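> Only the shape, not the letters, is given here:
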Ligand SMILES: Nc1ncnc2c1ncn2[C@@H]1O[C@@H]2COP(=O)(O)O[C@H]2[C@H]1O
Ligand SMILES: Nc1ncnc2c1ncn2[C@@H]1O[C@@H]2COP(=O)(O)O[C@H]2[C@H]1O
């Protein structure tokens, strides 16, 4: 694809696990496209408290928010969940790419549309749903992302319990204790690996 | 200009207040463009209240999330705050419009970026910054987005402690209690119109 | 200019044309009168004229 | 030959902004239009055209069961670069006898809009004549033969014209033999 | 035309008009009723100019007396035009002679009180031809003026459920399929700001139900007046929801019009832009297949070409510039509300064209004072006919001709009957498609027929196809001149009529068809030349 | 038209309770030279005022009532 | 308006283009549309009569039956230039007139 003609002038960089891609406050000077790997988009308040905005997986762009306007700082931290083979395009050259071909932009805007939908959903969950419904929607959504195994009748997830903390953005004791409340209600079966019926 | 070009393909309806222009569950064929007026988006609850996700004014498109895929159902309700003039085209004509000309899609992309940004701040604040801090981020952003009179010594807003609350998420008598705390803290003044000093 | 305007655009004895027929418009162009300023009137003229 | 309905760019009575041909001269250019129908006894056509050049019958949305014998039978002309034209033509089936005048004299019905009624100068009955001879039976030589000179367009078998006529007369006069 | 003339027809059809001229030698580019385009030859074409020698043209128009104006050709392209010829006909002219009326059948009889006193009877068939049926362009207008409450705006908004009978319609709706519209409908929707009125509880409750926002911009739409069967053929103009629909749709209309105008007028020029590269080398297959724009990067050499690379670029500049200009002007002028001038807020214009079939009351006549009012149209089977089965166009009362003493009309009649006598010969020669020799023989036999005719032609001058054009243009009729006091004699018309194989006096037995019989005596038959008038029951009732 | 209208309003208003019809007729000045107020349905019948609002509203529903609103409906298009 | 002949008139007869029949006799047909009540009001009767109901024709004939009307030509020299005939309703735009008068 575009990926290989791209790769020949090497901007593709292979980053180890955790190695921070974006430090927010950097001046926006390059677009990315994750060719391999999973990424954490995340933010911090001044008093050390941190929140994850999204994971970002292969096929996705990092940093697009600065391509449109001059001289902006990067909106979130972007840190590698694992080993990442990552494209880099400079803005003044990627805009030439838009000028050459906007076909990419359709798929790009469809992804953005799904992102807006899920973000408005999250504001709804926050304002209007307590912890229980949030982690139900979690374990439900977890029962649909393509890594889940099947457990003959019902869905299976075993991510032990760290990555969910970073997806839904919560503590882990409360996840456990309400994983148990759902176990009483006969909707999950968890002993670390939670089976979503 | 290119807005004139867009509107020139459109078919402009008048809509007076409370008119529910878009509903959730119907199918997507029209992209909308607000010629005149201001509108409010909504989501409803399986049993309860609703959430305005954001407000939209003259200059915005509505409907676009359906644009990029066929057979897409409408995601939210969108109700008129004021009487509006809405420039409408169908998506097929829009695909024609994409091939014919750029630079509406770019403005649309810059807008999409801005909206993902401020709802992310909203989520940061819902998660990090407390309700007094949510009022702070919001009355800050509103001092940056104008509708005001720019009172010769001070600043004001026409707020009945209801739009600040609903943007943020709270109840009435309580935020009363707090903005009066803010008054005793010399942070606010209000009688029907709040003066954010 | 004001004169040659006024007079070419204000007069008796000038009026819209009989366009129904090339005959009517020639014989309108091949037409003679004994009236107008310095002329006769229907009530004053008789049979001799 | 029946009727026309014109509906186009502007208001729709009926020639608008860059047609030479005022209305009765397009229709009289459709009177001599020759259409054959084969399967059915009834038809409706449509036309749409635009842009500078002669407006003819080849542009007609011919129905598949319709034989247009002249695609060069002129209809109209488009003059202005801005001018464009959309109309509908009711080809034949009629009923009864000649024209529009006597038709609406019959027809109390008033019909919705677009419809421009037309005189019927037809097709396979053009002119006729006849001749009474004296039949030669050997003795009854004063008996009569007839000879009917008939003239048409094509599209009708005359023996069919004649059979239809006799069946018709039989059936009218059912109102006088069976009915009093 | 008139079959019977006096000779003065031609110079009057001419001197009511004027003439034209030609251009350089060439090949005729575009052919039309009124325009011709010629391309000048390469050797004649100067190198700087393109030399597309083009001509001008003609159109329709109203009269001072609400009648029709136009011009058409009586000629073909690719034929020599002798100077002073008529290249285009008029309202009342054809090949350069007068045309006031039509030529058709006559029989002089009483008939059941239908030609009692000066009235006229007529077959049905003449209006199947519409040949007397004809037109009246009429005019309608809209002054849009300054109103105190605000300018009259062009828009039309409506409450009061359905703004009724629109309530009862089908799904379609008076704008019904394909933008169809009835009599009474709107053409130009203008609204005028409205004052207020006494605030009675009923109507105020009604505009609390519907609630037209404020200032209540009263309706002033320009409509089809009642019963119109005319043609609102065009609109000139002189300078709410559906407000915006109609005006941005007016913009849809207009930009599509004018985007068309653009795309034609510059798709013209894109040939020369391309070609200008292909001069100075050839990108004989390097030019085309790669996208067209990227050709200036193809063949380029020293001094004289970069100037034309930039002339090319200047075209690229000027043209898109002028579109930016026109866009500004046009888009704002559709976007603007009505706010124009003192008293001229604006003026909108309309003209009509009423054409429908002729009916009793219309006044018809000939050229000897021979008037007549109409009293019925006669079915053809209900016309007098002959053993030929061929029925009469019209029946006239001869009650008055002794007391009217217009015997010239009689002579007119005979000399017309004989002329259809020759026209039918040429008709049969057409359907029978005679050999060139016979056409030559008969037609020269036709021209040199009279006693000692002052006027003389040979056909051996002409080729075959010229005689073919000649016979293919004469079939609506050849005329004849009976000069007024140098007129014809009983001997001539009688010799001429029997040359038609007709009766010497054109007196022929006629058959009624209400019973099929014969009448008692034969009747005078032959063709008169008659006149319509503006003195119509239309113009009288 | 006016005569038929107000004859029909007389015929419609003729059938109410006396209070409904009378407060309506006089309150809208129907059939005399006065401009009556609910301050005066107050000052005249009973110093009650707002029950006159809820009496007028009841009468309007009694009388719009499209078994009656149709002699009024030809006048929608006025 | 313009006149033409009635050859098949009886003496008492005269043409009447029903258009002007209607125009002159609208009060009778209105009173009669209220009497029957199809047009319940004069808005209704006037709109119904602009829309030319079929009953407007039969009732125009009803009203016009036995309903004389005058006839006047200029110049009215003596008494008999103006007379009164019975109507004969027609859709012929020309007045028909008994040839002997
Ligand atoms: N709410 C979100 N959903 C998905 N991706 C996000 C979100 N917020 C930030 N990002 C991504 O994370 C990146 C952080 O830095 P940028 O703002 O430069 O570009 C950002 C986006 O690519
Ligand atoms: N949180 C938000 N911030 C800004 N705009 C939003 C938000 N949520 C929804 N919208 C907009 O509101 C629209 C409602 O209908 P659509 O689904 O067509 O597209 C939606 C977006 O354009």
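Arrived safely, thanks for sending. Numbers count the residues shown, from 1 in each chain, chains lettered A, B, ... in the order given. Ligands and ions are numbered 1, 2, ... in the order given.
> Could you use CA atoms for every contact and neighbour count after this?
Fine.
> What is the burial count for the residue in chain D that ligand 2 sits nearest to?
Nearest residue of chain D to ligand 2, counting by C-alpha to the nearest ligand atom: residue D:9, 34.2 Å away. Neighbourhood size, residue D:9 [other C-alpha atoms under 10 Å in any protein chain shown]: 17.
> residue contacts, it?
D:16, D:84-86 (C-alpha atoms under 8 Å, 6 or more residues apart in numbering or on different chains).
> of these, closest to residue E:502?
Each of the contacts of residue D:9 was scored against residue E:502 by C-alpha to C-alpha, and residue D:16 proved nearest at 48.7 Å.
> Any idea how far apart the tips of stretch E:464-483 sit?
In stretch E:464-483, first residue to last residue: 32 Å (C-alpha to C-alpha, to the nearest Å).
> which residues sit against it?
E:1-7, E:419-420, E:423, E:426-427, E:436, E:439-440, E:459, E:488.
> could you redo the last one with a cut-off of 7 Å?
For stretch E:464-483, contacts defined as C-alpha atoms under 7 Å, 6 or more residues apart in numbering or on different chains pick out E:2-7, E:423, E:436, E:488.
> Closest one to ligand 2 out of the residues you listed, please.
residue E:2 (74.7 Å).
> how many neighbours does the closest one have?
So residue E:2, with other C-alpha under 10 Å, has 23 neighbours.
> Tell me the secondary structure at residue E:273.
helix (DSSP: H, G, I helix; E, B strand; the rest coil).
> My read is that it contacts residue E:312, right?
Yes. With contact defined as C-alpha atoms under 7 Å, residue E:273 reaches residue E:312; the gap is 6.2 Å.
> more neighbours, these two?
residue E:273 (20 against 17).
> ok, the more buried one - contacts?
Taking C-alpha under 7 Å, 6+ apart as the test, what residue E:273 contacts is residue E:312.
> Dihedrals phi and psi, residue A:56?
phi -130, psi 130 (degrees, to the nearest 10).
> Next up, the contacts around it.
A:38-41.
> Now with 8 Å, please.
Contacts of residue A:56 (C-alpha under 8 Å, 6+ apart): A:38-41, A:62.
> go on, residue E:176?
residue D:113.
> hmm, back to that, just curious, which of the contacts of residue A:56 is nearest to residue D:142?
Closest to residue D:142, out of all of these and judged by C-alpha to C-alpha, is residue A:62, at 112.1 Å.
> how much space between the residue lying closest to residue E:282 once chain neighbours are set aside and residue F:12?
Spatially, and ignoring its direct neighbours in sequence, residue E:282 is nearest to residue E:299 (7.1 Å; C-alpha to C-alpha, 6 or more residues apart in numbering or on different chains). Using C-alpha to C-alpha, residue E:299 is found at 94 Å from residue F:12.
> coming back round to it: Throw the contacts of residue A:56 into CSV and include secondary structure, thanks.
Converted to CSV, the contacts of residue A:56 look like this (three-state DSSP):
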residue, secondary structure
A:38, strand
A:39, strand
A:40, strand
A:41, strand
A:62, coil
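> which of these tops the neighbour count?
Neighbour-wise, these (other C-alpha under 10 Å) top out at residue A:39, 26 neighbours.
> The residue nearest to residue E:282: what's it in contact with?
Counting by C-alpha under 8 Å, 6+ apart, residue E:299 has contacts E:277-278, E:280-283.
> what does the longest helix anywhere in chain D contact?
Using DSSP state H, we find that the single longest helix of chain D is helix D:158-177. Here helix D:158-177 makes contact (C-alpha under 8 Å, 6+ apart) with residue D:150.
> got a list of what the residue at minimal distance from the centre of chain C touches?
Nearest to the mean C-alpha position of chain C, counting by C-alpha atoms, centre = their mean, stands residue C:13 at 3.6 Å. For residue C:13, the contact set (C-alpha under 8 Å, 6+ apart) comprises residue C:36.
> For ligand 1, give me its nearest residue in chain F.
residue F:57 (54.3 Å).
> returning to what we had before: columns secondary structure on top of the contacts of stretch E:464-483, output as TSV?
Shown next, in TSV, are these (three-state DSSP):
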residue	secondary structure
E:2	coil
E:3	coil
E:4	strand
E:5	strand
E:6	coil
E:7	coil
E:423	helix
E:436	helix
E:488	coil
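> Can you tell me which of those is nearest residue E:100?
For these, the nearest to residue E:100 is residue E:2 (8.1 Å; C-alpha to C-alpha).
> now, the most widely separated pair of the contacts of residue D:9?
With C-alpha to C-alpha as the measure, no two of these lie farther apart than D:16 and D:86, at 10.4 Å.
> more neighbours, those two?
residue D:16 (23 against 17).
> Please enumerate the helices of chain G.
Listed in chain order, the helices of chain G (DSSP H) span G:18-24, G:26-36, G:42-50, G:54-64.
> can you put those in TSV and add distance to residue B:73?
TSV is the format used below for the helices of chain G (distance: least, C-alpha to C-alpha, whole Å):
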stretch	distance to residue B:73
helix G:18-24	59
helix G:26-36	56
helix G:42-50	48
helix G:54-64	52
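> nearest to chain B, of those?
Of all the helices of chain G, it is helix G:42-50 that lies closest to chain B, at 32.1 Å by C-alpha to the nearest C-alpha.
> so that closest one versus helix G:26-36, what angle?
Helix G:42-50 runs at 120 degrees relative to helix G:26-36, counting by axes from the mean of the first three to the mean of the last three C-alpha atoms, to 10 degrees.
> who does helix G:42-50 touch, helix- and strand-wise?
Helices and strands touching helix G:42-50, by 3 or more C-alpha pairs under 8 Å, 6 or more residues apart in numbering or on different chains; DSSP states H and E, are helix G:26-36.
> Please point out which parts of the helix it packs on sit buried.
G:26, G:29-30, G:32-34 (16 or more other C-alpha atoms under 10 Å in any protein chain shown).
> Outside of the top helix by length along chain C itself, list whatever touches it.
In chain C, with assignment by DSSP H, the single longest helix is helix C:22-29. Contact with helix C:22-29 is made by C:17-19, E:12-13, E:16, E:92, as judged by C-alpha under 8 Å, 6+ apart.
> same thing but 7 Å
C:18-19, E:16.
> give me the element the most centrally placed residue in chain A is part of.
Closest residue to the average C-alpha location of chain A: residue A:55 at 1.4 Å, with C-alpha atoms, centre = their mean. Here residue A:55, judged by DSSP states H and E, is contained in strand A:50-57.
> Okay, strands next: where are they in chain A?
For chain A, applying DSSP state E gives strands covering A:13-15, A:20-22, A:31-36, A:38-44, A:50-57, A:77-80, A:84-89, A:149-150, A:155-157, A:188-190, A:194-196.
> Among those strands, single out whichever gets nearest to residue E:160.
Of these, nearest to residue E:160 by C-alpha to C-alpha is strand A:50-57, at 54.1 Å.
> Run me through the strand neighbours of the closest one, direction for each.
strand A:38-44 (antiparallel) (DSSP bridges).
> between the strand it pairs with and strand A:84-89, how many degrees?
Using the same axes, to 10 degrees: strand A:38-44 against strand A:84-89 is 70 degrees.
> ok, strand A:38-44 near ligand 1 or not?
Yes. Against ligand 1, strand A:38-44 shows contacts by C-alpha under 6 Å from any ligand atom at residue A:41.
> Would you agree residue D:127 is in contact with residue D:151?
Yes. Using C-alpha under 7 Å, residue D:127 is in contact with residue D:151, at 5.1 Å.
> any idea whether residue E:181 is helix, strand or coil?
coil.
> Show me where chain F has its helices.
F:2-13, F:18-27, F:38-44, F:50-64, F:69-73.
> ugh, wrong one, I meant chain E
Taking DSSP H as the criterion, chain E carries its helices at E:9-15, E:125-128, E:176-179, E:201-209, E:241-267, E:270-278, E:306-335, E:401-404, E:408-431, E:436-447, E:464-473, E:490-499, E:537-540.
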